[PDB]
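Form deposited in one PDB entry, single chain, as structure tokens, below.
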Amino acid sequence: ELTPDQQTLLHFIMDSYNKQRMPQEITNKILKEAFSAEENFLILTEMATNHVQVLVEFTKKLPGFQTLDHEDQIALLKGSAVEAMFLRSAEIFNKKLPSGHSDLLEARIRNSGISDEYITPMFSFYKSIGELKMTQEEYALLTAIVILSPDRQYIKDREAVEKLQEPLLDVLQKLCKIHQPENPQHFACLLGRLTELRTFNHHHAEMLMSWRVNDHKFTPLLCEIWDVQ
């Protein structure tokens, strides 16, 4: 069972996580009408610019984050930004919608402009997340755990990050035993999903440059976070 300190930590992580754009806001736009690859690339860059901004504010509220080395603070943000974006997309994808809606959303994403090469692994990851039947708290804690990964490249003080990640891992493990007591492998399955997240980060720049558009225009903020322009 969670302690008073863990219950406090969980609600605080939840409130900060809830400051994001609503899944319905995103799915309403995609489902409403079909767009060209040019319009979809523009929708994606704006969605991703908003995501980075909201992620920086979420990251700042993570306990102990502001006490870390400033250069390590940047390495953590640069290292998790794309993974956090794909995890959020996976959450929105697996949110329950009326009959036939999730079939149309999938078809709309498949024909967004992205090359077929990246479509299959992206939907494989999304569908694997859905099979886990994750609660909102599980997605929030997993995002926090992704940001506070000490095994990130360029990190100077790995132990300082470890100290921050460990209490979040403990809370998630307790929720996994409470939410799914019939599946004792649930916690391990979520941690396993983080390795698949890292593959999308390796092919992120190619996914964007292979989009079916004549010009790949990026915002100055996206140029800092993504390895583009």
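Only residues modelled in both forms are compared. Numbers follow the displayed sequence, beginning with 1. The term rigid core refers to the maximal set of C-alpha atoms that superpose within 1.5 Å between the two forms.
There is another form of the same protein, the form deposited in another entry; it is not shown, and what comes next is about it.
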Taking only shifts of 2 Å or more in Cα after a rigid core superposition between this form and the one not shown, tell me which of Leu87, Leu132, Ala75, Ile109 qualifies. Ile109
Taking the rigid core as the superposition reference, indicate whether the CA of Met47 shifts 2 angstroms or more between this form and the one not shown. no
Does superposing the core leave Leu208 with a CA shift of 2 Å or more between this form and the one not shown? yes
Relative to the superposed rigid core, does the CA atom of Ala34 travel 2 Å or more between this form and the one not shown? yes
A change of 3 Å or more separates this form from the other: in that other deposited form, the C-alpha atoms of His101 and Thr49 are closer
Closer or farther: how do the CA atoms of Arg108 and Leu44 lie in that other deposited form, compared with the form shown, if the change is at least 3 Å? closer
After superposition on the rigid core, which segments of 3 or more consecutive residues show C-alpha displacements of 2 Å or more between this form and the one not shown? 25-34, 96-113, 208-215
